[PDB]
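Trainee: Got a structure here, written out as structure tokens. Questions coming.
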Amino acid sequence: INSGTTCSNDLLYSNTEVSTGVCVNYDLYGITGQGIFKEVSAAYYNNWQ
Amino acid sequence: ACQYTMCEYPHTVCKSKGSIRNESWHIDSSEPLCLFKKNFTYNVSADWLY
Ligand SMILES: *[C@@H]1O[C@H](CO)[C@@H](O[C@@H]2O[C@H](CO)[C@@H](O)[C@H](O)[C@H]2NC(C)=O)[C@H](O)[C@H]1NC(C)=O
Ligand SMILES: *[C@@H]1O[C@H](CO)[C@@H](O)[C@H](O)[C@H]1NC(C)=O
Ligand SMILES: *[C@@H]1O[C@H](CO)[C@@H](O)[C@H](O)[C@H]1NC(C)=O
């Protein structure tokens, strides 16, 4: 107990509810803020980004 | 990254053509307090690593 790796949840949804066009809150991978999403076609991300 | 029991004289032993010794750089067969455990992959034919 209280040491190791196999933790319990304690976490939020991880919801696939990316709602574009409106203003939302976000907590993406640690970074928090408010913004508007908009879908686009991009290729500059790599497999660690 | 664990809580290992390291030797006084650690070494490794190659696997392509093994030597007379035995790769004995720890003995901690207790599935010990491992804070981190991971596996990543790399190219076998690449000359340098960084
Ligand atoms: C990371 O890879 C190593 C080597 O591929 C894994 O070690 C093997 O684990 C299996 C199952 O416990 C054993 O039967 C083999 O003898 C091990 N090989 C060696 C060379 O030690 C290791 O389990 C992998 N780790 C994770 C977290 O997947
Ligand atoms: C290496 O380990 C094997 C199996 O335990 C043993 O038979 C052999 O003698 C060991 N080698 C040395 C140099 O002690
Ligand atoms: C890296 O791996 C790829 C896939 O096999 C191979 O084509 C390439 O030659 C490797 N890189 C080097 C420097 O050998």
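By Swiss-Prot numbering, chain B shows 150-199, in order.
Determined by electron microscopy, 2.8 Å, according to the entry header.
Cβ coordinates come from backbone N, Cα and C, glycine included.
Taken from Swiss-Prot, the feature disulfide bond applies to B:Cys151-B:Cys183. Among the features that Swiss-Prot reports, N-linked glycosylation site is placed at B:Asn171, B:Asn188, B:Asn192, with the record citing sequence analysis.
Walk me through where these features lie, including what they touch and how far apart they are.
Mentor: Reduced to three states, the DSSP call for B:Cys151 (disulfide bond) is coil. The Cβ of B:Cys151 (disulfide bond) lies under 8 Å from the Cβ of B:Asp177, B:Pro181, B:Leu182, B:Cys183, B:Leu184, B:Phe185, B:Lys186, each on the same chain and at least six residues away in sequence.
There are 8 other CB atoms within 10 A of the CB of B:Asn171 (N-linked glycosylation site), with all protein chains counted.
Neighbour list (B:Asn188 (N-linked glycosylation site), Cβ cut-off 8 Å, at least 6 residues apart, same chain): empty.
Sequence-distant contacts of B:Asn192 (N-linked glycosylation site), defined by Cβ-Cβ distance under 8 angstroms and a gap of at least six in the same chain, do not exist. Secondary structure from DSSP puts B:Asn192 (N-linked glycosylation site) in coil.
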Trainee: Chain A proximity: which recorded positions among B:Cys151, B:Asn171, B:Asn188, B:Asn192 have CB distances under 8 Å? Answer 'none' if there are none.
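Mentor: Among the recorded positions B:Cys151, B:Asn171, B:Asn188, B:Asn192, not one has a Cβ sitting under 8 Å from a Cβ of chain A.
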Trainee: For ligand 1, which among the recorded positions B:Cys151, B:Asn171, B:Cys183, B:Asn188, B:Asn192 have a CB under 6 Å from it?
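Mentor: B:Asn188, by Cβ distance under 6 Å.
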